[PDB]
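Visitor: Using the numbering used here, the first residue of the sequence shown is number 40, and each one after it goes up by one.
No residue lacks a Cβ here, since even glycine has one placed at the ideal position from N, Cα and C.
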Amino acid sequence: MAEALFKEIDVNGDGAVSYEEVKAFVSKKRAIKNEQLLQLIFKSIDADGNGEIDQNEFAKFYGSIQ
């Protein structure tokens, strides 16, 4: 309902979503090729930006747009 979506999309059960995984997630809703937005959003969504966003980072990031 909130963060479960991040772990839900991770069919690989890795609890980590990289830049590619992110772009794909949104791609499942439509077709929007954003190279700039992907890069920026990638580092933004990722708390540590370590290759991919971990469940923990995503959870703490979710709703942290205050």
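1) For residue 61, which three-state DSSP category applies?
2) Answer yes if the segment 54-65 comes into contact with the segment 85-95, meaning at least three C-beta pairs across the two stretches below 8 Å, and no otherwise.
3) Can you give the Cα-Cα distance for residue 94 and residue 80, rounded to whole angstroms?
4) Taking the alpha-carbon positions, what's the residue 85 to residue 69 distance?
5) Under 6 Å Cβ to Cβ from residue 64, same chain only, skipping five residues before and after it: list those, please.
Guide: Short version:
1) The count along the sequence shown starts at 1 and reaches residue 61 at position 22. In the structure shown, residue 61 adopts helical secondary structure according to DSSP, grouped into three states.
2) yes
3) Residue numbering aside, residue 94 sits at position 55 when the sequence shown is read from its first letter. Residue numbering aside, residue 80 sits at position 41 when the sequence shown is read from its first letter. Rounded to whole angstroms, residue 94 to residue 80 spans 16 Å at the Cα level.
4) As a first step, residue 85 is located in the sequence shown; it is residue number 46 there, counting from the start. As a first step, residue 69 is located in the sequence shown; it is residue number 30 there, counting from the start. Roughly 22 Å between the two C-alpha positions.
5) As a position in the sequence shown, residue 64 is number 25, starting the count at 1. Excluding the 5 residues flanking it on each side, residue 64 has same chain C-beta neighbours closer than 6 Å at 48, in chain order.
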